[PDB]
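Every number here is computed from the coordinates shown, using simple stated rules; none is lab data. With ideal geometry, Cβ positions are generated from the backbone for all residues, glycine too; neighbour counts draw on all protein chains shown.
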Amino acid sequence: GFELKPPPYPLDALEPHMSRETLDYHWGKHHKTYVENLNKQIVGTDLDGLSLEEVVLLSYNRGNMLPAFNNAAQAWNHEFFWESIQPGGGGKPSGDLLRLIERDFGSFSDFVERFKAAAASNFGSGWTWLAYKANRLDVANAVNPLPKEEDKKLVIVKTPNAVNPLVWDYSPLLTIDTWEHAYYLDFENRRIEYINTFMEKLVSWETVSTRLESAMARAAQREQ
Amino acid sequence: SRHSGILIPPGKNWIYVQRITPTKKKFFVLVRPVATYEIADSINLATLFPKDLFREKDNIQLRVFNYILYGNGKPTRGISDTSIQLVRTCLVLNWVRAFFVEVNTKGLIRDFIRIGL
Amino acid sequence: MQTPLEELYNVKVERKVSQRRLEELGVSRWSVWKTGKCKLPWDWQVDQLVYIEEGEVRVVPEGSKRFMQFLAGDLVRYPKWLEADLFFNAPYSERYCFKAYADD
Amino acid sequence: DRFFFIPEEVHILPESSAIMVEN
Amino acid sequence: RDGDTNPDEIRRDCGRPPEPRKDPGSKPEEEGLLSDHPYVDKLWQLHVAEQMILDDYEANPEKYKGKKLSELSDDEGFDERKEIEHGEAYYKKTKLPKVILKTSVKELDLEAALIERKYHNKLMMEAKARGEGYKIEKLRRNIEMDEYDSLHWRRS
Amino acid sequence: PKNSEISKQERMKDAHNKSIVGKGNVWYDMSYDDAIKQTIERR
Ligand SMILES: [Fe+3]
């Protein structure tokens, strides 16, 4: 039985980027409903006890999604989204995160413009993700005997509805909720303004860097 | 003991002891190393194929079959100036046509065996 | 027939593509696929952008008695579900970008 | 993964043969 | 019309559905990736042609006197439009099929192959002088096939 | 059926195999990739 945890920041701390009304409705009316529906579904099933990542990967079922996939995936993506935003967010990252962003995108401006374009071009409800390419396919002859250390890079991907990169065995690092419920009470249809405000005020580079290091650790532990 | 033949494993060859009684009241002992011949469980078929970096899944598959030409206890006969083969390792094609492949260059001729599905 | 194969099979051709579009697509940061005189039977179960800088490729769709002539300097987007036959009569090298749904 | 081979020169001769070696 | 020789072109000129076929029943992402580059067969043929030319040169060196190897000429009649001719041959009282793979010398890197062979022969002589044997793991053409297969597997 | 096409092919291969190996018993079978693997470690 999963539970809904509060965001790690006060509901009034995200102004003027995200109004308190939007925050409380998004959290306690969308995420709360998704979590409670998932808990209702998973009563008495095999799903009990497994962690949320295992829940999402089990409910994906290699494409023919089980009925519980929607609620679990939405809950996981909402949990991810809250952890990626802080009042002191925005600016630029540093260190290995910045060297990887430079290697995979040339310059920071190139990366942020590509991310803004992807977030704006996501048609309909969905998410835009930045993830670490540490995927392994469920087929033989999928192993590269001569890795070049570049195949495990950072890529920008867009997903509709509740799809998240972990279904492809990717490691999510940063997300922006392009679902209209995330910003309609604040920005209405002005999605470009919402994306710019998110990127320049809410991006917590510390959490992104920690997730990048966690993905590196997972890749290393999969190496041996 | 009264057993006709007792085999003693080595403590470099297996020691086989057999008792022969020319008469009822006399007997002796014979000691003979036998073969101690171990076959390579694998043959370096990298005089077979170059061991490419990538190999796809194939319906066909090859297996190294260990054979023994002579049965357990069956005698072996060898004619003069001709040896005896005792293993004759074989490869089994399990999953097929076959035709020659001849590459030529300015009259230089060489044929190949092509076994495909 | 009257209709050329490109219109029938929905193949985008951007011959003599300018530098602006090339740098917008990020072609310079794509991988290089090489081939000589060969013949690749392929079915495009996914979209794929292809830029040809050296070499020539003649594309023959499954069953067609005609071909689409692509030279160097052309940007070609092979559509999903296309069942064509790639032909090369010379050393060839191209830059690619496999595209999923939406994206670009 | 182990086989043995005892060397024994076995001869088969007719009853009408002459044997130059004693038992 | 008379120019309509492909049913797919016809059904795409109008709005008609494609010709159906039996469902294979095998999912497309569960199948294994493909890493056999179609150009390797040409690479294999060029490799064996170069090896046989080198072996003939080592067997009979006096022919290649007064002419640069890179300036070799083909026989009068070598056609590039009949590079593959099907045939049949008898072998052990069996008429097994045979395919003749024609090959010129222009498309072969004779100098590199000769230098590589001399590297082996010199090192084989050194190994022979040391009372040892040297076995080559793979040649340059094998590395070329491996890298082309790496490209194809990357594609997959 | 003994006159079936498979039966004709089935007995033909046994004659082809018997002239190669004979009456001996299969010691054991090992995969081709195992032949690639073990002897490289040996050499
Ligand atoms: Fe949401």
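The table for this structure:
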{"quantity": "Residue among B:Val34, B:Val29 that is loosely packed, with under 14 Cβ neighbours inside 10 Å, touching a strand residue (DSSP E or B) at 6+ places or on another chain (Cβ under 7 Å) and away from chain F (no Cβ under 13 Å)", "calculated": "B:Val29"}
{"quantity": "Of residues in the range A:60-73 being within 16 Å of the ligand (Cβ to nearest atom) and of a type in the set (A, V, I, L, M), the one nearest to A:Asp138 (Cα to Cα)", "calculated": "A:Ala73"}
{"quantity": "Residue that is nearest to the other protein chains (Cβ to nearest Cβ), among those in the range A:74-108 that are among the hydroxyl-bearing types (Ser, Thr, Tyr) and more than 16 Å from the ligand (Cβ to nearest atom)", "calculated": "A:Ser107"}
{"quantity": "Among (1) more than 7 Å from chain B (Cβ to nearest Cβ); (2) under 20 Å from B:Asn66 (Cβ atoms) - the single one F:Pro1 does not satisfy", "calculated": "(2)"}
{"quantity": "Sole residue being part of a loop (DSSP other than H, G, I, E, B), more than 7 Å from chain F (Cβ to nearest Cβ) and of a type outside the set (A, V, I, L, M, F, W, C), chosen from B:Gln18, B:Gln85", "calculated": "B:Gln85"}
{"quantity": "Residue that is nearest to the other protein chains (Cβ to nearest Cβ) [pool: residues in the range A:109-129 that are touching a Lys or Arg at 6+ places or on another chain (Cβ under 6 Å) and more than 16 Å from the ligand (Cβ to nearest atom)]", "calculated": "A:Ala118"}
{"quantity": "Subset tally (residues that are among the basic types (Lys, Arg) and either in contact with a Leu (Cβ under 7 Å, 6 or more places away or on another chain) or under 12 Å from A:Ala120 (Cα atoms) (or both)) for the range A:143-198", "calculated": "3"}
{"quantity": "Residues of the range E:95-136 satisfying the condition of being in contact with a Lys or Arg (Cβ under 9 Å, 6 or more places away or on another chain) and in a helix (DSSP H, G or I)", "calculated": "E:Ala112, E:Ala113, E:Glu116"}
{"quantity": "Residue match in the range A:33-40 (condition: away from the ligand (no atom under 16 Å from the Cβ) and either assigned to a helix (DSSP H, G or I) or within 14 Å of chain E (Cβ to nearest Cβ) (or both))", "calculated": "yes"}
{"quantity": "Whichever residue in the range A:162-208 is outside any helix (DSSP H, G or I) and in contact with a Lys or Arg (Cβ under 8 Å, 6 or more places away or on another chain) and, among such residues, is farthest from the ligand (Cβ to nearest atom)", "calculated": "A:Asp169"}
{"quantity": "Flag if A:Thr178 is over 28 Å from C:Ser28 (Cα atoms) and of a type in the set (S, T, N, Q)", "calculated": "yes"}
{"quantity": "In the range C:1-25, the residues that are within 14 Å of chain E (Cβ to nearest Cβ) and either in a loop (DSSP other than H, G, I, E, B) or basic (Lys, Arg) (or both)", "calculated": "C:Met1, C:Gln2, C:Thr3, C:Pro4, C:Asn10, C:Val11"}
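Matching residues to (1) under 17 Å from A:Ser84 (Cα atoms); (2) under 16 Å from the mean Cα position of the chain (by Cα); (3) of a type outside the set (A, V, I, L, M):
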{"residue": "A:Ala131", "(1), (2), (3)": "yes, yes, no"}
{"residue": "A:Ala140", "(1), (2), (3)": "no, no, no"}
{"residue": "A:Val143", "(1), (2), (3)": "no, no, no"}
{"residue": "A:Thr159", "(1), (2), (3)": "no, yes, yes"}
{"residue": "A:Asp177", "(1), (2), (3)": "yes, yes, yes"}
{"residue": "A:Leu185", "(1), (2), (3)": "no, no, no"}
